[PDB]
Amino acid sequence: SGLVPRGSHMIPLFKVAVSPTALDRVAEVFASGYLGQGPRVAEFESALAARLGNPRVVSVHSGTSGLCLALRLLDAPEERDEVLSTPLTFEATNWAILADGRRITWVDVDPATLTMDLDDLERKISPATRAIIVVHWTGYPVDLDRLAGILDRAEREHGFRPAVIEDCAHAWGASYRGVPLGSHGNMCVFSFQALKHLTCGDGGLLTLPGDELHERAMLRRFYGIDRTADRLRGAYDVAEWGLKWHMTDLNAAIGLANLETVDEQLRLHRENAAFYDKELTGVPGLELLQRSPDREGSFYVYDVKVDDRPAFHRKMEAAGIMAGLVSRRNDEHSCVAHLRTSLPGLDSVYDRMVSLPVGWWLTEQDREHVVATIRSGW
């Protein structure tokens, strides 16, 4: 009630992980006298590259910036103007496409996993298809090998093989068939926004599958300016323009601190999801998601599909549990009213979808309370 609640206690769906040593690492940056892109950013990138097994990482200001950069690095004719993406993502994923001046073609959703319908994808690839953005939504890796096959066939068909940009905002630490995300031949964009697993306050990371892309990215993330050039004497050339997409030492310092604690919290994420997977089977009116075991997700949130959801919502509210949508389906926004397509898959789950708290911040008592409340019916 404006400045209150209902007697006591609430369970949040998202929360910010801030290592106690973060302020320490920040004070060291202030002591350095340099707040821009410095040695800490370099330190961060080496740390991340080590974990990911991909040396071609490029830290950026935010995940959205990483997506924007990734789309600029695409070399393809202006007549390939179509980007295939699903409307069940965060708006950043699709607004990045509009900012790049391209056209969105909506791809449907797999009601089993609430990720992109790879069947529907293959049908919609056309000669105009510039690229495809796949989102490992809420932490679950999309079938990458299958996607490779889909592209293999599309290439064999009409000349070009479309680029794939993986949106890994929710999927830090995730792997696919034993291989960490970032190492499957696609550009990948991680997010280090406050609510994400590894947070820099705000931040992001673009990993590249090749050296030529890597180099272009190192440059274009800062206006196209070689930062080691004698700029004072005007001795540099911008071969490809860019914007302010890089990450500064201030945020890199935070991310370095949270790397100390991210693994444990990721473990708890998966451990709580496991608990839910176990204790929520065979609940009437609740349909769990089917997850393939050849991959390991990150469970940004726990997605379920429910009957009589408005009641379920009321139930969670009374029980003091935050539950709902990460985002509205992006295609319903009036600013893309013209791109509407029939998406039967999503049309069938969107009134049933709901995300549940599953993060590291849940006490045992908390996850037991969610299960208790859910099983006690609605």
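From 1 onward, residues are counted along the sequence shown.
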query: 235 to 243 versus 86 to 94 - which carries the larger mean C-alpha B factor in the record; finding: 235 to 243
query: 349 to 357 versus 46 to 54 - which carries the larger mean C-alpha B factor in the record; finding: 46 to 54
query: Residue with highest C-alpha B-factor in the PDB entry, from 68, 311, 325, 336; finding: 311
query: Identity of residue with top Cα B-factor, from 167, 100, 303, 294; finding: 294
query: Position of residue 27 among the chain's modelled residues by C-alpha B-factor, lowest, middle or highest third; finding: highest
query: Assigned third (lowest, middle, highest) for the C-alpha B factor of residue 370; finding: middle
query: Among modelled residues of the same chain, the CA temperature factor third for residue 285; finding: middle
query: Chain-wide C-alpha B factor ranking for residue 35, given as lowest, middle or highest third; finding: highest
query: B-factor third for the C-alpha atom of residue 18 within its chain; finding: highest
